[PDB]
Amino acid sequence: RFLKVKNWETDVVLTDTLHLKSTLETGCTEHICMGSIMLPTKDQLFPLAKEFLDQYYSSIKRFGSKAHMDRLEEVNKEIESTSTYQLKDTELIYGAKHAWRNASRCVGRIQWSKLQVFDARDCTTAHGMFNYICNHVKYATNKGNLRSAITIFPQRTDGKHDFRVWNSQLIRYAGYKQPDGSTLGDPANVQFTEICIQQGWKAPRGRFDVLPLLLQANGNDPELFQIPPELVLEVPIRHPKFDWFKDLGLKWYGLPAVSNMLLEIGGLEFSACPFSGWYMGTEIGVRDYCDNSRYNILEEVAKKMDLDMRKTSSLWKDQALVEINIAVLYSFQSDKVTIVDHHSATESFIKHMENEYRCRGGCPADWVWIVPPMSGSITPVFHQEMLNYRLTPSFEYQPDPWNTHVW
Amino acid sequence: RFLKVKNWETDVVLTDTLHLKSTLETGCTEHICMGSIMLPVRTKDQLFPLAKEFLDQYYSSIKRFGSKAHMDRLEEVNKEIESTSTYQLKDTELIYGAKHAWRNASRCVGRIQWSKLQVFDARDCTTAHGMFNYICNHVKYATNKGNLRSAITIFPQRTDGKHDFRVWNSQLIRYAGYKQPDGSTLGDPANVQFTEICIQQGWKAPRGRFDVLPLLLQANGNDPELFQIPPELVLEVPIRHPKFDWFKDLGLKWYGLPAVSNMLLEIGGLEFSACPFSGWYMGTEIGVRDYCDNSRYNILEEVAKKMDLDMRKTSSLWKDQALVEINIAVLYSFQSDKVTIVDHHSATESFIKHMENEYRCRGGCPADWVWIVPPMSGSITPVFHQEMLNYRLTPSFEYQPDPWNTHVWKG
Ligand code: HEM
Ligand code: HEM
Ligand SMILES: CN(C)c1ccc(CNCc2ccc3ccc(N)nc3c2)cc1
Ligand SMILES: CN(C)c1ccc(CNCc2ccc3ccc(N)nc3c2)cc1
Ligand SMILES: C[C@H](O)[C@H](O)[C@H]1CNc2nc(N)[nH]c(=O)c2N1
Ligand SMILES: C[C@H](O)[C@H](O)[C@H]1CNc2nc(N)[nH]c(=O)c2N1
Ligand SMILES: [Zn+2]
């Protein structure tokens, strides 16, 4: 019932108890582990609120206080009446910070308590949503000195009045399907790049076109808005060695702002809650650039390095993969845009784990995602045993809106 | 109950039914995943159904399920169990069992080779000297002058747990590690404890950086004995780099034959506690883990200095850079000396094919993503994007406690 995790590089053992407060399910059973699978009423509502308020009041050392007891009946009454309830701002902020704190797949959680929370629950229209989103982008971007942020739009009522940001991230590059067979721009967004057109977007059918926002307020049809370019910070990618690197014509945006997840707090569902932090270098250089189903520039780069690509055994891909990532980090740092390398981030996470085990009794973590997509075993997290379990408040995945939307 | 895995690079979706045949537990539950936890005397009572499940398996594979040969064998094993409290496997069953334990090994990326396994039956062995002989023959057969051949040598099964055969070494061939008084380590840090045992057991350590450890062999529950593998049987490869000429001067070499010797092989409820086995190296085992783990030879810095990398910021990825070059060297040296090795791209690619074949011909393929994905360049190998299901089938290879921790000393 009380669990030990060992780090095999340092022999340090930690003891986990936090998992005992887990309420949601993993997907695994005693007969089968699903650790590498990508995606596994007033009745329901009241214990959920209670559990949350219990956490919350415990966290401010007023467990079993009048304020506590009072808030509990107050919420209970409101549920009885309205069949839902509203969070106080303090609870909203606490809830959002803790959804981040509990995100078992996020290596960046040492920053969790410094989250700027923007309350957009008063928002009613797609234009309103756009305004709030532009403000988020400008604040978080902060001229390159990035600051984490989340903007929280009104909670689900009857699932027919949902607020949804249709983009997967606030800022992403378009992808169009060619006659040449392949794909210009970003293959991951070919379908979304299509749906923008299907609703009226004018694509400059280029390679790195910042996609428009597709905003759904209150269950209505979504609307197109162009993010002001002066708000979209971008970074041109050059190698501090290969002077030819620049002619590949690569750039990337500085702000990673995931916009399609669901924030759950005390049973309440926030279907539109775009949030942002800053990039770990490998996200762009390894995944975005070198994934086969993405920008897939490995061959091209390798050509320009005149490497022996005759056999897998020369490790040409590996050699190039490193240089590319050196360039990403180089470009960002030179342009003074916040970025972190996988060594620093993982080092920070181990420190964060130590802290969480110490002050909270543990830290849910998904090794499959915490370990970076390159040079895994030379980062400390590779040798770190981790326990994965689901805590609430949480960020959850949710179905793409075009599949659900009753037009 | 059917289960689907998706490859997110190819959208290829597969359906697992094999997981239904799983008996053993994973460690995980509905509320916690232990997927990254490293390591998470049996009665006639529980033995028979285990024998029966094995024998049903075996007779199905040979397409004789429900035959009279099947039924008589079950009867024979039943009688032998209740009479003697255990039973002996036929050679055929032993071979089938060893192959399938390999086949069921969810953490092994090399399983496409599982059906080509040379099984050496050492169940007639009675002494440590006998064990040394068998092991020498294994090493010689498996090495084959550099054209490596997979093999397993199987010593007598456990009886009352007081008469175990064990190979105390973790691998048949490994380098000594020596802790110095100044706290530094000479040789392979991983083998310090084992090196000390050997020394205490009377091994004269030459105390160099690459000393092949002696074999420490336990027969029939007796105290273990020391033997030196004949040097001419130990194939080694000097490590050089195809472009960096200073690399040779780092003084590195490695042995060609990876031969894990401390696992327990389980077949039909019988436990084979000494079953050393060998295949060949995937390059990163040596180039990434053995050389570059901080708790191993840890040569990243010295390599990095000599390539003149910016070692001032991690952000320069000097570590990543040196890591690749070292792995380039390992592959280069082995191929140059015609010693079988496989790069991580080739191995992972072959595994994906194996896996798909296994889903179709067998209904599934248990696989441990945490272990299948290579320790460098993870996402540019196809396994990274492959959803996998992990579950335990028998026959299987299992860990067992280190024998110095359990052994009852006779003196
Ligand atoms: C501030 C610096 C941050 C860094 C360096 C960082 C890093 C990462 C990385 C590398 C991943 C792996 C995802 C992938 O490879 O696609 C991840 C996942 C994730 N991050 Fe963080 N992140 C940061 C901030 C945040 C913030 C501010 C939030 C929310 C408020 C957040 C929530 C999440 C969630 C929910 C996931 C996984 C989603 C899932 O369940 O699959 N992160 N992060
Ligand atoms: C023939 C070439 C082979 C290759 C390239 C190969 C590759 C690997 C690799 C890279 C690992 C990961 C272990 C680590 O990184 O420490 C592994 C694990 C494993 N292999 Fe293979 N292997 C081969 C042959 C074999 C054979 C012949 C057997 C048994 C008959 C076997 C049984 C296992 C088992 C049981 C594990 C899990 C080890 C553990 O959980 O500690 N392998 N293999
Ligand atoms: C299941 N599925 C189809 C899927 C999986 C992953 C993704 C990509 N978002 C992962 C993420 C989240 C938050 C992040 C925060 C900061 C950062 N620097 N990076 C972050 C990256 C999209 C879709
Ligand atoms: C602490 N722990 C549980 C642990 C972890 C790793 C190891 C290292 N041996 C793993 C192995 C097994 C079989 C192999 C077969 C062929 C090959 N080319 N390589 C193989 C590598 C030992 C023990
Ligand atoms: C804690 C963690 O599970 C442990 O370090 C594992 C990770 N994956 C691995 N994968 C392989 N192939 N070999 C290993 O030793 C490990 N170690
Ligand atoms: C199949 C597998 O689960 C999938 O490729 C995962 C593996 N680990 C990952 N890790 C991170 N950080 N991001 C990812 O998208 C993935 N993808
Ligand atoms: Zn699991």
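Order of appearance sets the numbers: ligands from 1, and atoms from 1 within every ligand. Convention: sequence-line order gives letters A, B, ...; per-chain numbering from 1.
Electrostatic pairing of A/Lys4 and A/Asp16 does not count as a salt bridge here, judged by no charged N lying under 4.0 Å from a carboxylate O. In this structure, B/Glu266 does not pair ionically with B/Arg392, as no charged nitrogen and carboxylate oxygen lie closer than 4.0 Å.
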Could you check ligand 2 for N or O atoms lying under 3.5 Å from protein N or O atoms and list the pairs with distances?
residue: ligand 2; atom: 40 (O); partner: B/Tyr399; partner atom: OH; Å: 2.6
residue: ligand 2; atom: 41 (O); partner: B/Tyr399; partner atom: OH; Å: 2.1
residue: ligand 2; atom: 42 (N); partner: B/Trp102; partner atom: NE1; Å: 3.4

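At most 12 non-hydrogen atoms from other residues, nucleotides or ligands lie less than 6.0 angstrom from CD of B/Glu25. Counting non-hydrogen atoms of other residues, nucleotides and ligands closer than 6.0 Å to NZ of A/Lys311 gives a total above 12. Within a 6.0 Å sphere centred on NZ of A/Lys6, other residues, nucleotides and ligands contribute more than 12 heavy atoms.
An N or O contact shorter than 3.5 Å links B/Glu285 to ligand 4 by distance.
At the top of the distance list for atom 15 (C) of ligand 4, counting protein heavy atoms only, stands B/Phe277 CE1, 4.3 Å. Looking only at protein heavy atoms, the nearest one to atom 16 (C) of ligand 4 is B/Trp280 O, 4.4 Å. From the protein, the heavy atom lying nearest to atom 2 (N) of ligand 4 is B/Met38 SD, 3.7 Å. Remark: minimum distance from atom 11 (C) of ligand 4 to any protein heavy atom is reached at B/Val260 CG2, 3.8 Å.
Close contacts of ligand 4 with B/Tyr399, meaning ligand atoms under 4.0 Å from a residue heavy atom, involve 3 (C). Against a heavy-atom cut-off of under 4.0 Å, B/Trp371 is close to the following atoms of ligand 4: 5 (C), 6 (C).
A parallel orientation is assigned to the rings of B/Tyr297 and B/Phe210, their planes being inclined by less than 30° (bins at 30° and 60°). Using a 30° and 60° split on the angle between ring planes, B/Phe54 and B/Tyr58 fall in the parallel class, below 30°. Using cut-offs of 30° and 60° on the angle between ring planes, the pair B/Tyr255 and B/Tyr281 is tilted. Ring geometry for B/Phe120 versus B/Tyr141: interplanar angle over 60°, hence perpendicular rather than tilted (30 to 60°).
Using a 4.0 Å threshold on non-hydrogen atoms, atom 21 (C) of ligand 4 counts as touching the protein. The presence of a protein heavy atom under 4.0 Å from atom 7 (C) of ligand 4 is ruled out.
You'll find the side chain of B/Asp320 stays beyond 4.5 Å of the side chain of B/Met376, heavy atoms only. Here the side chains of B/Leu94 and B/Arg123 are in contact, with some heavy-atom distance below 4.5 Å.
For a distance threshold of 2.8 Å, the protein N, O or S atoms nearer than that to the Zn ion (ligand 7), listed by chain and number, are A/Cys28 SG, A/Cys33 SG, B/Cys28 SG, B/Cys33 SG.
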Quiz prompt | B/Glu358/B/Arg111 under salt bridge (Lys or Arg N to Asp or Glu O under 4.0 Å): CA gap, chis, key distance, verdict | solution = CA-CA 10 Å; B/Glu358 288 286 85; B/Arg111 282 177 286 171; over 6 Å; no

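A donor atom on one side chain and an acceptor atom on the other are found under 3.5 Å apart for B/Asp124 and B/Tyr134. In this structure, a donor-acceptor pair under 3.5 Å is absent between the side chains of A/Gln384 and A/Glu9.
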